[PDB]
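Remarks on the structure that follows.
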Amino acid sequence: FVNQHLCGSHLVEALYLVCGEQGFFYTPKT
Amino acid sequence: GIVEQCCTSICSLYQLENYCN
C-alpha cells in the first residue's frame, strides 16, 4: 500500500479496496 | 471532509482504516 494523498475518486477506490465491500454504492446510468 | 484532508495530508493506514472496518 503506497501512502499517498489520494485525491478525488482514487481515495474512495483505495478505501473500498482495503475495507472490502459495503462502502460506496453508486454507478452512473447516463 | 475526508477528500480535502487526504489530498493535503497523507493518510496513514491506521487512520484510514478507522473510516471503514
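Identifiers in this document derive from the order of the C-alpha cells: chains are assigned A, B, ..., residues are numbered from 1 separately in each chain, and ligands are numbered from 1 in order of occurrence.
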As a PyMOL selection string, please: the residues near residue 1 of chain A (cut-off 10 Å, only C-alpha atoms, same-chain neighbours under 5 positions excluded).
(chain A and resi 14+18) or (chain B and resi 13)
Extract the full set of helix (DSSP H, G or I) residues from chain B according to DSSP on the backbone, and format it as a PyMOL selection string.
chain B and resi 2-8+13-17
Excluding segment 4-10 of chain B and its own-chain neighbours fewer than 5 positions away, which residues fall within 8 Å of it when counting only C-alpha atoms? Please give them as a PyMOL selection string.
chain A and resi 3-7+11
Could those selected residues go to a file with C-alpha atoms, as a compact mmCIF listing (two decimals), in the first residue's frame?
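Output (selection.txt):
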```
# COMPACT_ATOMS: atom_id res chain seq x y z
CA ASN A 3 0.97 6.10 1.50
CA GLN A 4 -0.25 8.82 -0.88
CA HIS A 5 -2.50 11.91 -0.78
CA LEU A 6 -5.16 10.17 -2.88
CA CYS A 7 -7.41 12.89 -4.32
CA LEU A 11 -9.49 7.90 -2.33
```
Atom CA of residue 2 of chain B and atom CA of residue 29 of chain A are how many Å apart?
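Those two atoms sit 26.1 Å apart.
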I'd like the contact shell of residue 26 of chain A - 12 Å cut-off, only C-alpha atoms, skipping same-chain residues fewer than 4 positions apart - returned as a list in words.
residues 9, 12, 13 and 22 of chain A
I'd like the contact shell of residue 21 of chain B - 12 Å cut-off, only C-alpha atoms, skipping same-chain residues fewer than 6 positions apart - returned as a tab-separated table (two decimals) with N, CA, C and O atoms, in the first residue's frame.
```tsv
chain	number	residue	atom	x	y	z
A	15	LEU	N	-10.08	3.09	-0.55
A	15	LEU	CA	-10.76	2.77	0.73
A	15	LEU	C	-11.69	1.56	0.55
A	15	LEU	O	-11.78	0.71	1.40
A	16	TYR	N	-12.32	1.48	-0.63
A	16	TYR	CA	-13.16	0.33	-1.00
A	16	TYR	C	-12.34	-0.96	-1.14
A	16	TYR	O	-12.74	-2.01	-0.63
A	17	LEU	N	-11.17	-0.83	-1.73
A	17	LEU	CA	-10.26	-1.96	-1.93
A	17	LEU	C	-9.81	-2.50	-0.56
A	17	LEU	O	-9.76	-3.72	-0.35
A	18	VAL	N	-9.47	-1.63	0.37
A	18	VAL	CA	-8.95	-2.12	1.66
A	18	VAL	C	-10.03	-2.56	2.63
A	18	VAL	O	-9.82	-3.45	3.41
A	19	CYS	N	-11.22	-1.94	2.58
A	19	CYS	CA	-12.28	-2.31	3.53
A	19	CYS	C	-12.95	-3.60	3.03
A	19	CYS	O	-13.27	-4.46	3.79
A	20	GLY	N	-13.12	-3.71	1.72
A	20	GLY	CA	-13.74	-4.84	1.13
A	20	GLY	C	-15.27	-4.81	1.26
A	20	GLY	O	-15.84	-5.37	2.20
A	21	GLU	N	-15.94	-4.23	0.25
A	21	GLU	CA	-17.43	-4.21	0.15
A	21	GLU	C	-18.13	-3.43	1.27
A	21	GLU	O	-17.51	-3.02	2.27
A	22	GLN	N	-19.40	-3.20	1.05
A	22	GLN	CA	-20.27	-2.43	1.99
A	22	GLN	C	-19.71	-1.01	2.26
A	22	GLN	O	-19.72	-0.52	3.40
A	23	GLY	N	-19.35	-0.34	1.20
A	23	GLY	CA	-18.91	1.04	1.30
A	23	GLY	C	-18.92	1.62	-0.09
A	23	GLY	O	-18.36	1.02	-0.99
B	13	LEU	N	-2.49	4.48	7.03
B	13	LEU	CA	-3.44	3.35	7.09
B	13	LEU	C	-4.14	3.22	8.42
B	13	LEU	O	-5.30	2.96	8.48
B	14	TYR	N	-3.43	3.46	9.51
B	14	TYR	CA	-4.06	3.35	10.86
B	14	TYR	C	-5.27	4.28	10.95
B	14	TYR	O	-6.30	3.88	11.44
B	15	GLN	N	-5.14	5.46	10.42
B	15	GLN	CA	-6.23	6.42	10.40
B	15	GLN	C	-7.25	6.07	9.34
B	15	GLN	O	-8.43	6.13	9.56
```
